[PDB]
Amino acid sequence: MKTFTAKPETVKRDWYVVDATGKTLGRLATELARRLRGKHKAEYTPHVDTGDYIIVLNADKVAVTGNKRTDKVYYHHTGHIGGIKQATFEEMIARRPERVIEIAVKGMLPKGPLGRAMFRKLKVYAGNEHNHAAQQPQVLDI
Amino acid sequence: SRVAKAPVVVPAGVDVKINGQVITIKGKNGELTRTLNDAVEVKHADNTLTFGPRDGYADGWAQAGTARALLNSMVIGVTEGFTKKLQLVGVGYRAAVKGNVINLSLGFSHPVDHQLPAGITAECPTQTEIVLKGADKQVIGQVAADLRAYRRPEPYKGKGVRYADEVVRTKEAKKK
Amino acid sequence: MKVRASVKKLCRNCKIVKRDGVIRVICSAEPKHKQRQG
Amino acid sequence: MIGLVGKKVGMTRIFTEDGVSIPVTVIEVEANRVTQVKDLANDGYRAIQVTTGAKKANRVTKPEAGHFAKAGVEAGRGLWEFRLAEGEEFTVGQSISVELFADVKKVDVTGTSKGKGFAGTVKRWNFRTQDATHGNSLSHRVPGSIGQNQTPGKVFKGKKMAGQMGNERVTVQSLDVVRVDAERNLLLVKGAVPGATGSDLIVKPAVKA
RNA sequence: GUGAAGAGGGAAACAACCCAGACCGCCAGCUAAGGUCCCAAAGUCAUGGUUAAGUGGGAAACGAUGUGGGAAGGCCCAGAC
RNA sequence: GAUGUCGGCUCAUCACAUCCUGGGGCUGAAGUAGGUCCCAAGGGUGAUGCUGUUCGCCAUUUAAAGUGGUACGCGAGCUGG
RNA sequence: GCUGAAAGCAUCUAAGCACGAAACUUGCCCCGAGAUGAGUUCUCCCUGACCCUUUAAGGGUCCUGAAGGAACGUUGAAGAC
């Protein structure tokens, strides 16, 4: 016999909704990533995406400990010689509430085409209203 | 701590209102309120307030002492308020109050007009005097500091806006 | 303001205070006793 | 506030009685016809879409023709949008004329500059030419060095080089309004504006003032 | 001693460091150095402390009421600070 | 079994131990001026006589004529004193 | 700087409340949904059959070809092409 492998055309994916208010950023992000990758399923197979669709609400209310709210810096480079640009956690929340959770989860996911496909299943929202009522998400507590 | 041990005496005519952490004081001078820190136990008693630390909070005594001081200032606030006296020193330095605005002539090329906050009223006995009245100690101190900052007392003649009870300690340039 | 690695009291009126993680000497009698450790 | 769409007619002078010559650009501003009003509820922002001039009925496609017919206006030579401030409102089919600028006295004129084609670095970026003599070998107008050495190992992005010059949208700010002539559909602004004669110009009240 | 003339695991990568020398095959198990939130396998482990700087996760003489302890002192309820 | 040297030229980019402009404390800071230290890279920071010269010294400017890194930046860009 | 304990006092800091520079982020200008995360509004146009099977988001046949676009030509203060 050969070890069972998941088939991309027959995997079962479910929808969940998560409220991010008050949650620690990293401790929420790890759980989000492990469910996006599908590591909670008995059918987990490294080369196929078996994770679920997760909806995150109230991304602007996510919490961090210590002085991270003013001291965590987000660097990126534009590609030009001046280039280096930075933003603190507070600035990111004021401008992009969703971006912080998105990039934390992205940093916790495998790199490569499959990892990007996995990240595609994450729907992050600043408010507590989403447009995906038709997919009937289940309430998931993290 | 041992500042916080001494309870504050609630006199007649003033009442207290507590919702766990946010507190309210009402008296003849008016309305004062704040939210105390999460580590201090506000506890009204027979016409007194007693303050103590909570549990699981390090440095709860320091916060208790701060809360005791603030509430003491509130009680002294809603009754007879607070007063700050400012003096103007220097030739041509004048002050005048126009309703809710203080007009200062401090030797600039432009007029200086200061807008008072909600609870503060000003009154100029002379042009070299500014008397401030209000219930909030912090606000009146802030307003006095803001007025002082326009022309700080320089150390060669003491010219500028000073608190009435202030020492300037002038000095001479080199000699002669 | 004196910026030094070694800040000390210089007279009886000078006092050590730590403001925002910085050791400072503030002195009520002599203005040139002000010091910050940097 | 909104602006209007005109066309660059040419450039002349105005003589003032006190013996001053003012170089002016003559901008013909016909009636601008509002063809669509965009609002926050439907389009997510507030703006009006205007048309001006005329177009040959054979050159207007039934998509464009139907869009014009909905507004009930005649076909123009194009469509432009102006972002609306909080105060003003307009209605579809309304026509706006040049006396909008009756009391403005500074405008911002936007147009497409004249196309210079593929231009060298001396013309495009004001690079200095090298020696004309003294042994110079085939290198009188070339750019010279373009990078450092192994340590960068590459040419930095955004380096100034030869390429297309002109034929791009350019705005000139804070132009004096010299005359508004409603009956002639003329606006006269002090100075030069981008673009060749007969090209479209967008005139707006000065944003910086 | 190791490389030379040695593989493999670890050390982010990294002849010569650590554990440990590869007869061949197995979709068997068990361990060493290193690990057990996630990338990336396995503790979001139990119990007590200790640090708040991101120490951890780069630096000295030299400074400082930053805190967790210990052993000794002086003063003092007539009354210390 | 080849990594062209110096200077100039054309073109640069970055660091901050900031020359100028900006903020501030101390003065043995009256003002005019400064001195010294702290913060701060947004922009700007001479063209000439001699010398192959970098430099230097001049003679006049300027708001100021910064200092270093970049194969002492740059010869499949140029010159070659 | 203000109020303010620890550490009867004090103390810009610990709770809390203010300020403050050509830096920063905007505001001025340009590009920009391959922004694969490819978005938005208005408008225009096509609503005939038949057959064969593996049956599937299947393939042909005949009639039909619309909105539009291209080609070609007269050309351009557009442009190497």
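Within every chain, numbering begins at 1; the chains are lettered A, B, ... in the order of the sequence lines, protein sequences first and strands thereafter.
Using a 4.0 Å heavy-atom cutoff across all strands shown, A:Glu91 reaches no nucleic acid atom at all. Among the heavy atoms of the strands lying under 4.0 Å from A:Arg99 is at least one base atom, whether or not backbone atoms are also near. B:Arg68 comes within contact range of no nucleotide atom at all, as no heavy-atom separation falls under 4.0 Å. Residue A:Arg95 is out of contact with every strand shown, counting any heavy-atom pair closer than 4.0 Å. Using a 4.0 Å heavy-atom distance criterion, D:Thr121 is classed as making no nucleic acid contact.
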Would you list the protein and nucleotides 53-62 of chain E atom pairs, both N or O, that sit under 3.5 Å from each other?
none

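Within the 4.5 Å cutoff, the side chain of B:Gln138 has no heavy atoms near those of the B:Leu70 side chain. The shortest distance between side-chain heavy atoms of A:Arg37 and A:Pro110 falls below 4.5 Å.
Here the side chain of D:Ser145 is nearest to one of F:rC26, F:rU10, G:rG68, namely F:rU10. Closest contact between the side chain of A:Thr30 and the listed nucleotides E:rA64, F:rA29, E:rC38 involves E:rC38. Comparing G:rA77, G:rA15, G:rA6 against the side chain of B:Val3 picks out G:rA6 as the nearest. Checking G:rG1, G:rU40, G:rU11 against every side-chain atom of B:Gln142, the shortest atom distance belongs to G:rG1. Proximity note for C:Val7 (side chain, C-beta onward) versus G:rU3, F:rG28, E:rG63: the nearest is E:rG63. Among G:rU25, E:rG66, F:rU70, the nucleotide with an atom closest to any side-chain atom of A:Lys85 is G:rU25. Listed nucleotides E:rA41, G:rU3, G:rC29 differ in distance to D:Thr171; the shortest reach to its side chain belongs to G:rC29.
Classification of B:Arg148 and B:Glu166 as a salt-bridged pair holds, one side-chain N sitting under 4.0 Å from a carboxylate O.
In this structure, A:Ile84 and D:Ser137 both approach RNA chain F, and ranking their closest nucleotides by distance from the 5' end singles out A:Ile84.
Interface residues of residues 104-118 of chain A facing RNA chain E, ordered by number: A:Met108, A:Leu109, A:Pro110, A:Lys111; criterion, heavy-atom separation under 4.0 Å.
G:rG8 adopts a syn glycosidic conformation, its chi angle falling within 90° of 0. G:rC30 shows a glycosidic angle more than 90° from 0 and is accordingly assigned anti.
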Just list the side-chain donor-acceptor pairs under 3.5 Å for residues 83-101 of chain A, sequence neighbours left out, or say none.
{"residue": "A:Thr88", "atom": "OG1", "partner": "A:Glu91", "partner atom": "OE1", "Å": "2.4"}
{"residue": "A:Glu91", "atom": "OE1", "partner": "A:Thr88", "partner atom": "N", "Å": "2.5"}
{"residue": "A:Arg99", "atom": "NH2", "partner": "A:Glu102", "partner atom": "OE1", "Å": "3.1"}

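Annotation: B:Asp59, atom CG; neighbour count of heavy atoms from other residues, nucleotides and ligands within 6.0 Å does not exceed 12.
Rounded to an integer number of Å, the gap from D:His134 NE2 to F:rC78 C1' is 14 Å.
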